[PDB]
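See below for the structure under consideration.
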There are 2 protein chains.
Amino acid sequence: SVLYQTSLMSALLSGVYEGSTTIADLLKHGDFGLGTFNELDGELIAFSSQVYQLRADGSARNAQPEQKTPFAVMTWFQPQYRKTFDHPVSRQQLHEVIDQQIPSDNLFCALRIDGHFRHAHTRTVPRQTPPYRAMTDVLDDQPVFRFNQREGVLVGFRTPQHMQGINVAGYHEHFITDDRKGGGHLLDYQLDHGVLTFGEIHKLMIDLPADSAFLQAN
Amino acid sequence: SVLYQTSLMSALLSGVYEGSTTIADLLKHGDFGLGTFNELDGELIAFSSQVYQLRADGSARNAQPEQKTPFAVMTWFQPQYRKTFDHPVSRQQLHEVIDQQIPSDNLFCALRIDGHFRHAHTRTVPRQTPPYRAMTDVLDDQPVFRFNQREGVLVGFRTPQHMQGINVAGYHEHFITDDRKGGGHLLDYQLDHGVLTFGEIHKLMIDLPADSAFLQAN
Ligand SMILES: [Cl-]
Ligand SMILES: [Cl-]
Ligand SMILES: [Cl-]
Ligand SMILES: [Cl-]
Ligand code: NA
Ligand code: NA
Ligand SMILES: [Zn+2]
Ligand SMILES: [Zn+2]
């Protein structure tokens with residue numbers, strides 16, 4: 001597997017909120033991943049080549065192939081490991097399981113959970129119009145949604161510390177409900193029971209765009 | 001074109017001086033590039049799929065396909081631009097030509113010069129045995145070799161500032177003489193006349209190794 005990254009987190013955070021890459025373009029280089037939509041209109045979650053748009057009101061909907069993204073990370077998911085949990089386990093305990101199995105922080109990880117979540121707390125960015133406010137101020141204003149006792153799917157990546165300028169260092173995880181109508185970017189969660197599948201990734205492709213805003217960003 | 005990078009500069013600088021990637025492996029993903037040999041036994045220069053080993057005594061020799069590298073950057077060279085210089089031009093003037101043509105620091109550049117150099121000054125790392133001394137102290141001790149009025153070839157890359165942890169930010173250029181028996185890592189040069197060919201690169205593949213020293217490096 002190759003982690004295929006569209007653009008750079010530094011470019012996104014600098015104010016480059018639009019790109020020309022479509023959701024269909026993303027699915028050329030993976031069936032699994034995360035990212036942001038143009039104008040920061042929420043975030044995407046993708047697994048088994050199904051893509052959904054998660055928005056600031058807690059909603060999820062099917063992503064359309066023509067929608068565009070300024071930043072995303074995709075892969076052809078090829079997990080090496082599977083662990084079933086029959087009793088409650090916290091996000092941080094699950095990360096401890098992954099980190100024991102893949103202890104080098106110098107590798108990436110892709111992870112998926114299918115199961116029943118005791119709770120899943122989410123906060124997702126709303127669509128932005130320029131001039132842009134500081135991202136931290138936008139996040140201060142966004143409600144946290146709390147999904148309680150819901151079946152659903154989690155998609156995530158673990159990014160090395162040696163990558164903080166380029167991508168989201170540490171764990172980045174998104175959630176969607178079984179009915180595919182709710183979800184968001186995860187702040188914390190606890191799994192009541194479910195199946196974790198995950199694997200390490202050694203290869204990263206960074207595709208730098210050609211739009212003028214990216215080229216002129218500092 | 002894709003800039004194909006073997007490992008990380010941060011790993012090399014941390015003391016990971018050996019890898020399992022061979023020169024033949026490098027040529028699977030390019031015909032052009034630069035890098036370091038195992039044990040820091042000099043550096044490589046590659047152009048038109050010819051690879052040479054440049055060592056601390058100023059010498060160049062044909063690189064053997066079975067030799068291994070802990071760090072390298074390769075591409076299938078596809079320049080978009082050609083400029084002939086009939087009168088002397090300094091390294092920094094040449095970089096000004098490139099930077100005017102490719103002004104976004106957010107893109108990579110690959111560059112090649114074929115011509116007659118007024119001078120080319122080089123300093124190249126010697127083979128190291130552990131425990132390793134600080135790289136800066138090793139470089140303090142290495143002689144600078146001065147190639148005067150020599151025909152030769154220059155190979156180089158320009159790396160964005162948004163990449164300093166991962167690769168050599170700015171320009172990184174190596175030189176070899178026409179007889180292929182002298183060369184090194186360039187500190188400065190002046191071209192008397194010659195041909196510059198160069199182009200921009202938007203895609204970077206990072207291939208992270210699996211050897212234990214890389215996995216355990218901080
Ligand atoms: Cl249940
Ligand atoms: Cl997250
Ligand atoms: Cl001449
Ligand atoms: Cl250089
Ligand atoms: Na968000
Ligand atoms: Na050197
Ligand atoms: Zn997110
Ligand atoms: Zn060098």
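Counting neighbours? That spans all protein chains shown, and the Cβs are built from the backbone with ideal geometry, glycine included. Taken together, the values in this text are just the output of simple stated rules run on the coordinates, not laboratory data.
When the Kirkwood hydrodynamic radius is evaluated over all pairs of different C-alpha atoms of chain A, what value in angstrom, to one decimal, is obtained?
Working: mean 1/r = 0.0577 Å⁻¹.
One decimal place: 17.3 Å for the Kirkwood radius.
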What is the distance in Å between the Cα centres of the stretch A:114-171 and the stretch B:139-218?
40 Å
Under 5 Å, built H, 5+ apart or other chain: amide partners of A:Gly182:
A:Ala60, A:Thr177
Work from the charge dipole of the stretch B:1-87 (Cβ charges, +1 for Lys and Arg, -1 for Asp and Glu, about the Cα centre) and give the residue of B:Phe77, B:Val51, B:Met9 farthest towards its positive end.
B:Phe77
Per-residue average of Cβ from other chains inside 10 Å of B:205-212:
5
Can you work out the Karplus-derived ³J(HN,Hα) for every residue in the stretch A:156-170? Use 6.51 cos²θ - 1.76 cosθ + 1.60 with θ = phi - 60°, whole Hz, and x for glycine or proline.
x, 10, 10, 10, x, 4, 6, 10, 5, x, 8, 8, 7, 5, x
Give the angle, between 0 and 90 degrees and rounded to the nearest 10, that separates the Cα long axis of helix B:91-101 from the longest principal axis of the Cα atoms of chain B.
80 degrees
Stokes-Einstein at 20 °C, 1.002 mPa s, Kirkwood radius from Cα pairs: D for the protein assembly as shown in µm² s⁻¹?
92 µm²/s
Given charges of +1 on the Cβ of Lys and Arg and -1 on the Cβ of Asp and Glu, with all other atoms neutral, how large is the dipole of the protein assembly as shown about its Cα centre, in debye to the nearest 20?
280 debye
Using modelled backbone amide H atoms (1.01 Å from N, in-plane), which distant-in-sequence or interchain residues come within less than 5 Å of B:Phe77's amide H?
B:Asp31, B:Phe32
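Name the shape class, rounded, prolate or oblate, that the alpha-carbon gyration tensor gives for the stretch A:163-218, where a ≥ b ≥ c are the square roots of its eigenvalues, rounded holds for a/c under 1.5, and otherwise prolate holds if a/b is larger than b/c and oblate otherwise.
Working: a/c = 2.65, a/b = 1.83, b/c = 1.45.
The shape class here is prolate.
What is the diffusion coefficient of the stretch B:78-200 in µm²/s, taking the Kirkwood radius over Cα pairs and the Stokes-Einstein relation at 20 °C with a viscosity of 1.002 mPa s?
Values: Rh = 15.4 Å.
Rounded to a whole number, D works out at 139 µm²/s.
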For B:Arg150, the residues 5 or more places away or on another chain with a placed amide H closer than 5 Å to its own amide H are B:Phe117
Need the C-alpha centroid separation for the stretch B:1-80 versus the stretch A:68-97, integer Å.
35 Å
Classify the stretch B:44-90 as rounded, prolate or oblate, taking a ≥ b ≥ c as the square roots of the eigenvalues of its Cα gyration tensor: rounded when a/c is under 1.5, otherwise prolate if a/b is larger than b/c and oblate if not.
oblate
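Under 8 Å for C-alpha pairs, at least 6 residues apart: give me the relative contact order for chain A, rounded to a whole percent.
Details: 553 pairs, mean separation 68.7, N = 218.
About 32 percent, as a whole number.
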Phi angles of the stretch A:79-89, converted by Karplus (6.51 cos²θ - 1.76 cosθ + 1.60, θ = phi - 60°) into ³J(HN,Hα) in whole Hz with x for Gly and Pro, give x, 9, 9, 9, 9, 9, 10, 9, 9, x, 9
Any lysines whose Cα falls less than 16 Å from that of A:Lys203, other than same-chain ones fewer than 8 residues away, would be B:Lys28, B:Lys203
Toy charge model, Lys and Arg Cβ at +1, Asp and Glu Cβ at -1: the stretch A:78-200 dipole around Cα centroid in debye, rounded to 20, equals 280 debye
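By DSSP, what percent of the beta bridges with both residues in chain B are antiparallel, rounded to the nearest 5? Kindly include the intermediate steps, with their values, before the conclusion.
Working: 68 of 73 bridges.
Looking only at bridges with both residues in chain B, the antiparallel portion is about 95 percent.
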Exposure rule at most 15 other beta-carbon atoms within 10 Å, DSSP loop trypsin sites (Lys or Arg not before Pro): chain A longest free segment
A:29-122
What distance in nm separates the simple spin-label points at B:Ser59 and B:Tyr132, each placed 7 Å from Cα in the Cβ direction?
2.4 nm
